[PDB]
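Quick heads-up: it's one chain on its own, the form deposited in one PDB entry, in structure tokens.
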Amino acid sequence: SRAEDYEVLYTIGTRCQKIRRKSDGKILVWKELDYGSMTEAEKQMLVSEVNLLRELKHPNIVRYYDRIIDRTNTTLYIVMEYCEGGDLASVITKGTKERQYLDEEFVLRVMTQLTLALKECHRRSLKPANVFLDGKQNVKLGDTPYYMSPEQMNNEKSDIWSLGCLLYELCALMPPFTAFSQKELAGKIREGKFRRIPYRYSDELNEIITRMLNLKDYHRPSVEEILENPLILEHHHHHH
């Protein structure tokens, strides 16, 4: 419950740091938030926000472990699970640089496990840099507008559109809709046209990604219709 219980190993990004718990040596991360400039109105919005995050237990959602206070630093520490595979943005960037497309089995895993993550988020009522990989091929959802759906521009189905954009980009190594301006971008999104994902990928994968990118939210598949898809098999699910 105190910072003294953990030892910082190193900075991941800037603050995000990799840490080891002294009691058992568990590898975790935490996030540094300086609330030394927040109002009592912001710290109230911050406290409740975190306590909802505490409530989300699911194998495909990044797991929360602890929150720590240090009045002397005015620093809030949010302690979470470490995903050693990194984020998906980096996987995508890695693929452009080395001119190598991702396996369809990888894409099916992401599709399957992010859909179960969304299904859990919808019961309690999305971009490559917010999706993490652990050490066992599991996919975990954590936490210029390429993925903005037409409706959220003019709804659970809005998340299906974002999922659709994410999977497309894993396949094509670029988003479905690109532009140099916002109006140009919004132009292309509303027209709903894009290249087929590369031919190395099956017609069946292309079909479901294209369905998620439908202009009509009511034409996009639901979480349940996605998991019914013959492409999706037990081995694409999470495993301890």
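All residue numbers are counted from 1 along the displayed sequence. If you superpose the two forms and keep the largest set of C-alpha atoms that fall within 1.5 Å, you have the rigid core.
There is another form of the same protein, the form deposited in another entry; it is not shown, and what comes next is about it.
- Core-based superposition between the shown form and the other one leaves all of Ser202, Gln182, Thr39, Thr178 but one with CA shifts under 2 Å; the exception is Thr39.
- In the core-superposed comparison between the shown form and the other one, the C-alpha atom of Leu76 has shifted by at least 2 angstroms.
- After superposition on the rigid core, the Cα of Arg63 moves by less than 2 Å between the shown form and the other one.
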